[PDB]
Structure formats: structure tokens, C-alpha cells
Amino acid sequence: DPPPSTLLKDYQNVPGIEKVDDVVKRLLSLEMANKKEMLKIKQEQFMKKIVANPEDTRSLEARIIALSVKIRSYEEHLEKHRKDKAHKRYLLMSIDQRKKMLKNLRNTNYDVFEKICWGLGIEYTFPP
Amino acid sequence: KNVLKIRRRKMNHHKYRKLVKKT
Amino acid sequence: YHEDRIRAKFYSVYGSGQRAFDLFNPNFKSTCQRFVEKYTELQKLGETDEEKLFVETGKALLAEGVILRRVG
Amino acid sequence: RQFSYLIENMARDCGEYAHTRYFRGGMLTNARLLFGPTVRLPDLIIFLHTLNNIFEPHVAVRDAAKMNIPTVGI
Amino acid sequence: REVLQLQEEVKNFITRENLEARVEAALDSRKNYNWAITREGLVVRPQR
Amino acid sequence: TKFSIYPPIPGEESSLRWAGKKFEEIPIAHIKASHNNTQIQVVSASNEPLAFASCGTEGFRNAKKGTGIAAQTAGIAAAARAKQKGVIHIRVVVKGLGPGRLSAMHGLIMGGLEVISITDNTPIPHXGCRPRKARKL
Amino acid sequence: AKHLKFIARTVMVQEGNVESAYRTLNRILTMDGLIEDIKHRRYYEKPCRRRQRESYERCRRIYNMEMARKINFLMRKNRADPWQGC
Amino acid sequence: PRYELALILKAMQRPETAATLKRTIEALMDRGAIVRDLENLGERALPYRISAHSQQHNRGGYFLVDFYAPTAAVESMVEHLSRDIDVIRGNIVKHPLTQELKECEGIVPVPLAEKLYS
Amino acid sequence: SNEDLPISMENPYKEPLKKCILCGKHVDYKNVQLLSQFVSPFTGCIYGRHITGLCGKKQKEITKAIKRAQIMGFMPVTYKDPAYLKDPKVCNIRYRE
Amino acid sequence: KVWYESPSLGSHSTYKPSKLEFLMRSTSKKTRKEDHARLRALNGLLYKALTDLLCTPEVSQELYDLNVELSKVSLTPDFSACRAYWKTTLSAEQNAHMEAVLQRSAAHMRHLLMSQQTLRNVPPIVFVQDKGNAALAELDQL
RNA sequence: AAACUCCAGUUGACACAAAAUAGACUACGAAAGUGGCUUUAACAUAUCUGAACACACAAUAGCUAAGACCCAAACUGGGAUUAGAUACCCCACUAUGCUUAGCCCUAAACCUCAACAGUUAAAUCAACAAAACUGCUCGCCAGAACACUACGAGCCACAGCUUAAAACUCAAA
Ligand code: FES
Ligand SMILES: [K+]
Ligand SMILES: [K+]
Ligand SMILES: [K+]
Ligand SMILES: [Mg+2]
Ligand SMILES: [Mg+2]
Ligand SMILES: [Mg+2]
Ligand SMILES: [Mg+2]
Ligand SMILES: [Mg+2]
Ligand SMILES: [Mg+2]
Ligand SMILES: [Mg+2]
Ligand SMILES: [Mg+2]
Ligand SMILES: [Mg+2]
Ligand SMILES: [Mg+2]
Ligand SMILES: [Mg+2]
Ligand SMILES: [Mg+2]
Ligand SMILES: [Mg+2]
Ligand SMILES: [Mg+2]
Ligand SMILES: [Mg+2]
Ligand SMILES: [Mg+2]
Ligand SMILES: [Mg+2]
Ligand SMILES: [Mg+2]
């Protein structure tokens with residue numbers, strides 16, 4: 001996970017954020033935000049590591065990265081909530097939706113399909 | 001509507017449960 | 001009609017005139033219609049602002065003796 | 001009924017016929033029984049109001065068409 | 001603009017050094033969140 | 001001053017008095033109007049019992065313990081024992097919708113007591129114990 | 001139990017008129033729904049039955065309010081006949 | 001995030017009330033909170049009798065603490081307030097001023113046909 | 001073509017939509033004075049929107065605020081706080097005699 | 001519509017509940033399916049109007065203090081009379097006071113009921129003290 | 001009547017139960033379901049369709065184990081009514097409803113309306129329900145009864161569930 005001192009995605013590119021009081025840096029960091037803010041930083045980290053254009057959010061690559069971050073959040077949720085059938089359903093549906101995306105990315109752009117699998121740590125499996 | 005089709009099934013199930021009990 | 005915008009504002013600002021409509025006379029002119037006609041004349045003289053074209057129109061009618069009691 | 005009197009006078013003055021009253025079932029489609037086998041029906045029916053007093057079409061609109069009588073109507 | 005506004009507010013934030021002063025400065029004051037509404041939608045602040 | 005149906009609030013400065021006593025000092029007549037009985041206890045403002053009467057203690061039994069005339073009789077009995085102890089004005093607190101809900105109050109008045117207020121304290125659970133199943137009659 | 005007493009559901013008697021004080025209290029409890037709520041709470045209403053009645057009541061109110069609105073609207077013409085004889 | 005602690009304190013003298021507030025604000029800071037303000041709402045009669053720590057209370061000191069803290073601090077702070085004998089009732093809610101109110105044009109009618117059919 | 005023909009536009013005479021007495025105002029659980037205006041004086045019962053005249057959104061905000069204020073120790077449940085009996089009566093309910 | 005039927009064809013007809021219409025009506029004519037509905041609902045409207053007058057002090061100070069409660073209000077289909085029922089009090093002495101004030105108020109109340117122009121034509125209202133079981137009361141006097 | 005009489009009333013103390021009013025609202029969720037308060041996490045998919053069996057869920061009742069127990073309550077005991085027994089009524093009380101950890105996998109699980117997309121012009125349309133249709137896809141159906149059955153198979157299910165016939169019989173259903 002990104003360090004708690006990491007700034008929010010909205011305040012990371014404001015001019016002069018490095019010269020403000022330490023208290024102001026805590027209030028604009030991940031430590032003082034909900035988990036959804038930490039996931040936006042993770043998604044942005046994967047987008048710049050993997051995709052060619054980090055600002056194209058509608059490409060098949062970005063959707064796989066966005067959905068892969070949600071899948072990891074559900075797994076962390078279910079690690080603590082093992083009888084949550086609602087979120088267990090969302091996880092299994094999200095895994096299936098990602099497999100469909102990967103199948104379509106493998107069929108259209110194999111070079112990008114390989115970078116997505118390496119970048120996200122996905123081992124693509126053919127269905128039975 | 002009427003429930004005559006349900007009533008036939010009701011009696012069939014009752015007699016079956018009664019047969020299963022006896023045997 | 002374009003003048004309906006002027007009528008909506010006039011009724012909001014000054015309300016319905018205490019003068020009564022006479023719909024039997026086919027050439028009846030209400031205070032609002034008299035306002036609309038003056039408002040149209042001043043627009044054709046080149047004025048284009050709306051808030052300014054509305055305040056100058058009221059003054060012209062007051063000069064002519066028309067009673068314009070603002071509702072609020 | 002606001003104009004029943006006016007319409008009856010207009011018909012009488014022009015030498016024609018007016019029916020502004022309650023319209024009885026079959027005046028047009030059963031006229032021979034109601035009036036006689038030799039009764040002559042109207043050649044033109046003019047409706048100054050096409051609706052009855054319950055806001056439905058005056059029955060004579062349908063019955064005029066059934067008897068193939070042309071209708072003028074406001 | 002939000003970083004500037006927030007940077008000024010932090011000057012008035014409570015801290016371990018100024019904790020005692022702010023605690024006592026509160027016991028002397030009163031904050032009232034009460035107000036009433038009328039049928040016309042007007043707020044009627046309390047008589048204090 | 002105009003009459004207020006709202007009771008005087010304790011701690012505020014009211015002008016209402018009953019025999020020189022404030023509302024907070026008037027004894028309380030607790031009426032329990034059940035479906036099959038009516039129980040009346042008169043207590044002082046300090047919760048000292050002063051009189052008790054019920055339809056059962058007045059010689060009514062079984063289906064007679066639950067009527068209007070039985071509750072009225074119980075009210076008269078409680079009023080008599082309370083009046084002997086110095087009670088004139090009472091605050092009525094009635095809980096329950098039984099037949100002796102109003103009749104028990106009449107008996108207190110016929111017995112010589114003056115009712116200055118009426119309070120309902122019928123227990124209403126806000127969600128509580130599940131009630132018994134409907135009677136099949 | 002934990003609340004102050006002689007505030008809730010409390011009506012003061014005027015000029016010794018206890019009948020009017022009791023009627024006022026009964027009217028208060030009725031309008032607030034308590035009288036009918038105590039009665040429904042004597043025996044358990046099964047959830048499927050409560051939904052059925054709550055839905056029937058809701059629809060009877062809508063139907064009665066709509067039928068009153070129609071009668072009021074169509075009673076404007078209850079005036080005398082303006083064209084009597086025609 | 002930004003939270004609001006609604007704090008009802010045992011009715012005490014000024015010295016013990018200040019010691020309780022300081023002890024409560026330090027607990028927030030020890031858990032990583034940034035305390036923004038402290039508001040006194042005044043001592044008043046409770047809306048009902050509250051039993052807390054083997055004692056019955058009828059009056060209390062109402063205080064507010066506006067502060068920022070990590071999400072994990074709330075659970076730990078709620079536990080701390082349950083053990084402080086001078087706290088009658090303490091609740092932590094998300095600060096109401098964070099939630100921005102959406103504008104309202106007005107009341108659009110709902111058709112009667114929808115009421116019944118729906 | 002013709003200058004006097006009607007022109008397409010939005011209704012200039014349209015009136016604004018109605019608004020509840022609380023439209024545009026923050027409803028806080030600590031503002032017991034405001035919340036008390038929507039509960040029964042004798043029973044503390046929350047009034048329905050047919051009595052309060054509030055819209056669905058503010059009816060919900062008031063309801064949620066009352067429930068929060070009651071259980072957090074700010075507002076009584078079984079009766080309206082007598083301090084607020086003389087506040088403006090904004091509810092369409094008539095009780096006494 | 002709802003499970004409650006609203007199919008009537010002459011739904012646009014202007015309802016005319018007046019004493020004069022009853023005389024100008026076909027004797028063969030019988031009440032239609034949805035003809036009773038308007039009567040059942042119009043009678044309820046009269047109950048609503050009367051109830052508000054009793055509890056509002058502006059109508060009358062004597063009436064307001066009485067705090068009369070209406071048990072039942074059912075108009076007649078004839079359009080000649082209206083039946084209104086108020087609940088009696090325990091004290092016969094108090095009963096006399098309520099009836100006396102109600103008896104004199106009724107004449108004015110009728111004009112006040114005409115204030116509702118939609119319900120302007122109100123047949124004279126009858127008020128019935130709810131002596132539902134007067135048989136014992138009359139028998140015990142003798 | 002029995003039962004209770006450490007009973008009943010007032011007052012105070014006091015829940016692993018259930019959540020008045022709001023709610024005349026019609027929201028959330030795939031459905032089942034979900035209406036006290038707070039906080040945390042959190043409500044898949046940038047084309048749609050796609051399973052009795054794969055995958056994951058699934059009211060109530062029920063099973064196994066360990067707890068809680070106000071109230072309710074199959075069963076059971078007592079009282080009463082009854083020609084008498086059971087039931088309906090009364091009293092007491094249990095499994096059970098709750099919690100936890102596993103199962104079981106059913107419903108008139110029904111808006112009795114498959115998913116998606118589109119149309120309001122044609123003929124509006126057997127009837128009723130719920131205005132009438134088009135494209136496309138999956139699932140399903142082919143007289144009644146036998147039959148939510150038999151056999152086989154699978155299943156933590158063992159008086160169970162799912163899938164599901166035939167013979168004889170009828171001229172209707
Ligand atoms: S009408 Fe705008 S919030 Fe109620
Ligand atoms: K509740
Ligand atoms: K409700
Ligand atoms: K159904
Ligand atoms: Mg059979
Ligand atoms: Mg005995
Ligand atoms: Mg699909
Ligand atoms: Mg298949
Ligand atoms: Mg399926
Ligand atoms: Mg199945
Ligand atoms: Mg299940
Ligand atoms: Mg179970
Ligand atoms: Mg029990
Ligand atoms: Mg048990
Ligand atoms: Mg529970
Ligand atoms: Mg269901
Ligand atoms: Mg499908
Ligand atoms: Mg048809
Ligand atoms: Mg077959
Ligand atoms: Mg089955
Ligand atoms: Mg089987
Ligand atoms: Mg087998």
C-alpha cells in the first residue's frame with residue numbers, strides 16, 4: 001500500500017504543497033482519508049507503470065487496472081468479513097468481468113496483454 | 001381462480017407422506 | 001413571443017396594473033403593453049443591455065405621467 | 001341549452017329544421033317506425049355542437065353516417 | 001484555494017502546548033446551535 | 001391570564017396553586033384500568049401510599065371485577081380513605097384502556113376529591129416483547 | 001421510565017370540567033395514533049397481515065381523497081338551472 | 001476524516017471539567033487526531049435520566065470536539081470514552097459540515113396514478 | 001417569412017417551484033429547537049409530512065436528526081421539551097379543546 | 001383506477017345534489033352502481049365540515065368551550081334533511097347545556113356551512129344527542 | 001376453574017429480546033430480503049444474451065454443537081367446554097424464534113409479466129389480468145390423470161432434496 005504520508009491525488013499537483021505546515025500535510029495525506037482515497041493512488045500507480053497513456057481511462061488496459069484494484073479491495077474486505085455474501089458475490093463477479101476483459105485484450109493486443117499480466121501479477125488461465 | 005389443481009396435488013402429497021410414514 | 005419575456009419581468013417587478021383589462025376593446029393597451037412598446041423603441045435605438053434597458057423604460061413612463069408602483 | 005332558443009329561431013327563420021332537445025333512440029335509424037313509412041329524412045345535418053351534455057359525441061353524428069346523411073359541424 | 005484556507009485555520013487548531021488555554025477559554029463561552037423556523041421560511045435566532 | 005392545558009413545568013415560577021400547594025406537591029391517584037379489573041392507589045408527592053382500592057377489594061369477583069360501576073365503587077373507596085388522610089386535590093395518572101378508565105375517575109370525584117390534571121401512562125412499547133397470538137374466536 | 005413525569009400525555013382540568021379534559025386527552029391520543037396503536041398491540045399481527053392492511057389503508061385514503069376532490073370539483077355547477085325551459 | 005465528538009460530561013466543578021476535557025483531547029491526540037476546535041454548549045438538564053458507571057445523572061456538561069483523525073482512531077476512541085467515569089455519553093459522528101448540501105429547485109408533484117400503481 | 005409567427009422558447013411566465021420551509025437550510029441533530037417544531041407536544045411523536053408540510057428530503061433529514069438527537073442525549077423521546085412549546089407553530093395540526 | 005372501480009361513463013357529468021332535482025327525476029330510475037359512492041363520500045364531507053367548526057373558537061365561544069364531539073354524520077338521499085350525531089356526557093345536567101347551545105347554534109352553523117361554496121347547498125342539519133340506549137333511561141324515570 | 005399469593009400497586013435499579021411515531025414515504029439490494037443509533041469497510045461490468053447440474057447465494061420451518069432466555073410458542077401437563085376424546089378458550093412450560101459454528105436448499109421463492117433493444121403507426125384487442133406490438137437471445141411447453149410418483153443418478157440431505165418416466169385408464173381435462 002502507498003505510505004500514509006502520501007498526498008491525495010487531488011492535492012499532489014498544487015503549487016507549494018511541499019512548503020506548508022506539517023499539520024496541513026497530514027490533513028491532505030492518506031492517513032486522514034478513507035480507504036477509497038488510497039485505492040485512487042494505487043490505480044494511478046499501476047496506470048503509469050503499465051499503460052502507454054496514463055490519462056486514457058476508457059482503454060481496455062485502464063479498465064483492467066481499475067477493476068483489479070477493486071478486486072484487491074474486496075479480497076481485503078472479505079479477509080475480515082468472511083460471511084459477507086454480498087461482497088463475496090461482487091468479488092466473484094469482478095474476477096469474472098476481469099477475465100472477460102483479459103480475454104478481449106489478449107485477442108486484440110497481445111503485447112499490451114503481457115504487460116498487464118506482468119504489471120498486475122495476473123496469471124491468465126484458459127477456462128475448462 | 002379456483003384451486004382445484006392445487007387441491008389434487010395437495011391430496012397426492014398428503015397420501016404420499018402418509019404412505020412413507022407407514023412404511 | 002419575444003415580448004413575453006418583458007411581460008414576465010414587468011409583472012414580477014411592478015405587478016399587475018391597478019387599471020383593469022378591457023378585453024372587449026380590440027385595441028386596448030395595458031400599462032404592460034405600453035411598457036413593452038417603449039421597451040421595444042429603446043432597444044431599436046441601439047441599447048442592448050437588459051437591466052439598463054428596463055430601468056430607462058420606467059423613467060420614460062413616469063415622465064409621461066404613468067403610475068408604476070413597485071410591488072416590493 | 002344556452003343556445004337552444006337561438007338555434008330554434010334561426011332554423012324557423014331560414015325555413016329549415018332544428019332539433020335541440022333530448023335525442024331519442026332511433027330518430028334517424030328507425031325513422032319509418034317513429035314517423036311513418038313515407039317519412040323523408042334530412043339531406044344535410046348541421047351540428048352547431050357535436051358533443052352531448054356528458055361530453056360525448058352527439059348520437060346523431062354516428063346515426064347520420066349510418067343513414068348516409070352528410071354532416072356539417074362546428 | 002483550499003490549501004490556503006486550511007493553512008490559516010491550522011493556526012487556530014488546538015495543540016498540546018495551547019491545550020490548557022483553549023480548554024479554559026471554552027468553559028467561559030457558550031455556543032448555541034438552536035434556532036426556529038417560521039411558516040415563511042425565516043430563521044428565528046434565540047433570545048440571547 | 002388565559003387557561004393552559006399544559007401542566008406547569010417544575011423549576012419555573014408559576015402562579016397556580018391548590019390549597020397553597022404547587023403542582024409538584026399535589027398527591028397522585030394512580031389508576032390501572034385493566035380489561036378484567038381496576039386498581040387505584042393514591043400516593044403523596046413523595047411517593048407515600050395513602051389509599052388503595054380495587055374492584056376486587058370492594059367485593060366484586062370474576063366478570064364483575066371489570067365493569068364501570070365496579071371501578072366507580074373502587075374510586076369512591078379510595079377517595080374515602082384518602083380524604084381521611086388530608087387529600088383534597090389529586091393528579092390522575094391512568095394507564096390502560098379498561099372499562100374502569102373513566103369510571104374510576106368519576107368515583108374519585110364523587111368521593112370528595114378534586115382532579116386538577118389527567119395523565120395517560122399506558123405502556124406502549126417502541127418495537128419490546130412479542131404479544132400473544134390472536135384468539136381464535 | 002427515565003423521563004420526567006407529568007409532561008407527556010398530560011391535560012389540565014379547567015373549572016372542574018373533567019369530562020372535557022378527558023375528551024381532550026382522548027382526542028390527543030387518537031390523533032397521535034396511540035389509541036389505535038395500543039389496540040393493535042394487544043395481539044400479534046403477522047408481518048404479512050400488517051403489510052396487507054397498511055397497503056389497503058394507504059389505498060383507501062388515496063381513493064377517498066380522490067373521490068372527495070372529484071365531488072368538490074363537480075359541485076360548482078350545482079347552482080339553479082340557468083336555461084330552464086330549454 | 002473530519003469527525004464531531006458529541007460529549008456529555010458529568011456535572012462537575014470547573015477544575016474537574018477542565019481536567020476531563022484535557023484528558024479527553026489528549027486521548028484523541030495520542031490516537032493520531034488533529035483537534036480543530038472545542039465548543040461548550042452549556043450545562044443543562046438531560047432529556048432523560050442516564051445511568052453511567054454505577055451512578056445516575058440528571059444534568060451534564062455538553063461539549064463538542066471538532067477534529068480530524070484516521071478511520072482506525074474512531075473505534076479506539078469509542079472504547080476510551082466508555083471507560084472514562086466522568087463521561088456520561090460520548091458519540092462520534094462524521095462532521096456535518098463535511099457533507100455538502102445539494103441545491104433544491106423545489107417540490108415537484110408526484111402523480112396520484114404512480115402512488116397507487118407503484 | 002412572417003414576423004408575427006410564434007417563436008420557440010421556454011415559458012417566461014413560469015413560476016418557481018414550491019419550497020418547504022426548510023429548503024436550503026442545514027438540519028443539525030444539535031438544533032433541538034428546530035427539531036422540536038416537528039414532534040407532538042403531548043407524545044413526542046414525529047409528525048408525518050402531511051402535517052409538517054416538508055418535502056421528502058427534509059422530512060427524512062428531520063426524522064434522522066430527531067432519532068440521532070434523542071439517543072445521543074439532546075432531545076426527549078416521549079414528549080416535546082416544554083422550553084420549546086412557545087416556538088412558532090409551523091405544523092398543520094390542531095389539538096386543544 | 002384501483003381495485004376500487006372507476007369506470008363510469010358519465011364521469012364528466014356535473015353532480016347536482018339538490019332538493020329540486022329529486023322531483024324532476026324519472027320514477028323508474030334506480031340508483032346506479034357508482035351513484036351511491038358520491039352520497040357515501042359527500043356525507044363524509046359534511047362530517048369534516050362540522051368537526052372543524054366545533055373545535056375552532058372563532059365560530060363561537062360557547063360552542064368551543066363545550067368541546068362537542070360528533071359521533072356520526074349521514075345526510076339523507078332525499079336532500080331534505082341531514083343527520084348529525086354528537087356523543088352525550090355522563091352528567092345529565094351537562095347534557096342539557098350542550099343540547100341547548102347546539103340547538104341555537106345550528107341555525108347559524110348552517111349559514112357558516114354555506115361559507116364552503118362547493119358545499120353551499122346544505123340541507124338543514126339535525127343534531128341527535130347520542131342517547132343510544134335511552135330505553136333504560138326512560139324506563140327508569142317511570 | 002385452575003394457577004399465583006417473595007402476590008398486586010407506586011418508586012428506583014436493571015437485556016445476548018424486539019426495534020412506536022417518522023413511513024400518507026416507495027428507497028436499497030441479484031433475488032431472498034432490508035425501516036432504533038454510531039462508525040469502519042462497501043454496493044461487479046464502457047455492447048447485449050448466456051446453466052436443474054459449473055460457481056456463489058437463497059424467507060420460514062428443520063438438523064448438529066455450544067451459549068443466551070424477556071416475550072412468543074409446535075409439543076406436553078393441568079383447568080374448562082363437551083355424551084366423551086382432540087381442537088377452539090384459560091394457565092404453566094418445552095423444541096423453536098435469538099447468538100455462534102456447521103449444515104439443509106425448500107415457498108402462492110408471485111409484478112403468477114424471462115433478459116436486452118425498439119415502437120406508439122398499423123388491426124387496439126378471443127376473454128380476464130396488466131394498453132398493443134416489433135427485433136434478438138436463452139430457458140421451457142406439446143390432452144387429462146397416473147405424477148412434487150416409480151426406477152436410475154447425485155447430494156454433509158437417511159420419514160430428505162434435485163432431475164423425472166412407463167403400464168393400465170379416460171373423451172375429455
Ligand atoms: S423543497 Fe427544497 S429541500 Fe424541501
Ligand atoms: K424503533
Ligand atoms: K410505519
Ligand atoms: K402474488
Ligand atoms: Mg390423487
Ligand atoms: Mg381458584
Ligand atoms: Mg450475462
Ligand atoms: Mg440446460
Ligand atoms: Mg440460472
Ligand atoms: Mg432448484
Ligand atoms: Mg435457507
Ligand atoms: Mg435455526
Ligand atoms: Mg410466557
Ligand atoms: Mg426456550
Ligand atoms: Mg437481536
Ligand atoms: Mg416474497
Ligand atoms: Mg435469462
Ligand atoms: Mg376487447
Ligand atoms: Mg400430459
Ligand atoms: Mg415439494
Ligand atoms: Mg421424490
Ligand atoms: Mg431413489
Side-chain angles (χ1 to χ4, degrees), chain A residues 34-36 57-58 60 63 67 70-71 73-74 76-77 80-81 84-98 100-101 128, chain B residues 1 3 5-6 8-9 12-13 16-17 19-23, chain F residues 28 30 32 37 39-43 46-49 52 54 56 62 93 124-133 135-137, chain G residues 1 32-34 37 41 44 54 57-58 61-62 65, chain H residues 1 3 6 49 51 56 71-72 74-75 77-78 91-94 110 114-115 117-118, chain I residues 38-40 43-52 56 59-60 62-64 66-68 70-72 77:
Chain A
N34 64 7
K35 176 165 185 178
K36 278 169 183 79
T57 61
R58 278 201 68 183
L60 192 50
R63 293 161 54 192
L67 189 52
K70 282 193 175 159
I71 284 167
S73 74
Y74 296 151
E76 290 163 335
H77 176 93
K80 178 179 187 306
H81 304 279
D84 191 339
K85 306 302 184 172
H87 282 91
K88 183 171 179 174
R89 165 168 178 272
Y90 293 129
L91 174 63
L92 292 172
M93 287 199 301
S94 295
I95 287 167
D96 289 358
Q97 291 309 121
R98 186 173 65 179
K100 190 191 290 181
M101 293 171 173
Chain B
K1 62 155 199 176
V3 291
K5 301 184 184 155
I6 303 302
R8 180 176 297 110
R9 275 175 55 96
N12 291 342
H13 187 73
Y16 177 71
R17 296 317 309 169
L19 177 64
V20 172
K21 172 181 171 180
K22 170 177 65 165
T23 58
Chain F
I28 307 157
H30 289 279
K32 187 171 180 258
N37 192 17
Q39 298 185 70
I40 309 177
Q41 184 168 214
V42 179
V43 306
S46 64
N47 197 34
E48 184 178 2
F52 183 91
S54 69
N62 307 314
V93 183
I124 302 171
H126 295 172
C129 304
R130 181 189 180 115
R132 79 206 306 279
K133 74 184 165 283
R135 294 175 79 242
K136 299 170 156 184
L137 296 174
Chain G
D32 291 359
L34 274 64
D37 183 46
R41 285 179 180 271
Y44 186 71
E54 287 176 353
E57 287 175 351
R58 174 188 184 280
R61 200 186 310 96
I62 289 162
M65 284 187 303
Chain H
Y3 299 107
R49 199 164 55 255
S51 41
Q56 321 299 317
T71 54
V74 178
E75 183 170 8
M77 191 64 193
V78 170
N91 289 282
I92 297 169
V93 298
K94 299 199 295 292
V110 178
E114 182 179 320
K115 289 186 195 185
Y117 193 84
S118 66
Chain I
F38 303 101
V39 306
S40 180
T43 56
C45 284
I46 303 169
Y47 287 136
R49 68 194 65 197
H50 66 285
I51 292 163
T52 66
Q59 185 66 46
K60 178 67 70 171
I62 287 289
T63 300
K64 298 293 289 187
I66 289 163
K67 299 303 301 184
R68 178 182 282 190
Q70 282 173 346
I71 201 65
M72 289 190 172
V77 188

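Every chain is numbered from 1, with letters handed out A, B, ... down the list of sequences. Only heavy atoms go into these numbers, but all of them, side chains included; no hydrogens, no water, no symmetry mates.
- Surrounding CD of H:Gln56 are more than 12 heavy atoms belonging to other residues, nucleotides or ligands, all under 6.0 Å away.
- When the side-chain nitrogen and oxygen atoms of H:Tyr3 are compared with OP1 and OP2 of K:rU40, one or more of them lie within a distance under 4.0 Å.
- Phosphate proximity of K:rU45 to A:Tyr90: absent, as no side-chain N or O sits under 4.0 Å from OP1 or OP2.
- Taking only distance into account, the side chain of I:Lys67 never meets the base of K:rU38 through a donor-acceptor pair shorter than 3.5 Å.
- Between the side chain of F:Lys133 and the base of K:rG97, no donor-acceptor pair under 3.5 Å is found.
- A sub-4.0 Å separation between OP1 or OP2 of K:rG9 and a side-chain N or O of F:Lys32 is present.
- Taking the six-membered ring where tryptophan is involved, the planes of A:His87 and A:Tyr90 are perpendicular, since the angle between them exceeds 60° and thus also 30°.
- With its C1'-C2'-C3'-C4' torsion above zero, K:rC69 shows a north sugar pucker.
- A donor-acceptor pair under 3.5 Å links the side-chain atoms of I:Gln59 to the main chain of I:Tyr47, judged by distance alone.
- Here K:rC133 sits opposite K:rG118 as a Watson-Crick or G-U wobble pair (both hydrogen-bonding atom distances under 3.5 Å).
- Across all strands, I:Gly48 comes closer than 4.0 Å only to sugar-phosphate atoms, never to a base (heavy-atom distances).
- Evaluation of the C1'-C2'-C3'-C4' torsion of K:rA166 gives a positive value and hence a north sugar.
- For the pair A:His87 and K:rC43, the ring geometry does not qualify as stacking, because the centroid separation below 5.5 Å and plane angle under 30° are not jointly satisfied.
- OP1 or OP2 of K:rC91 has at least one side-chain nitrogen or oxygen of F:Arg132 nearer than 4.0 Å.
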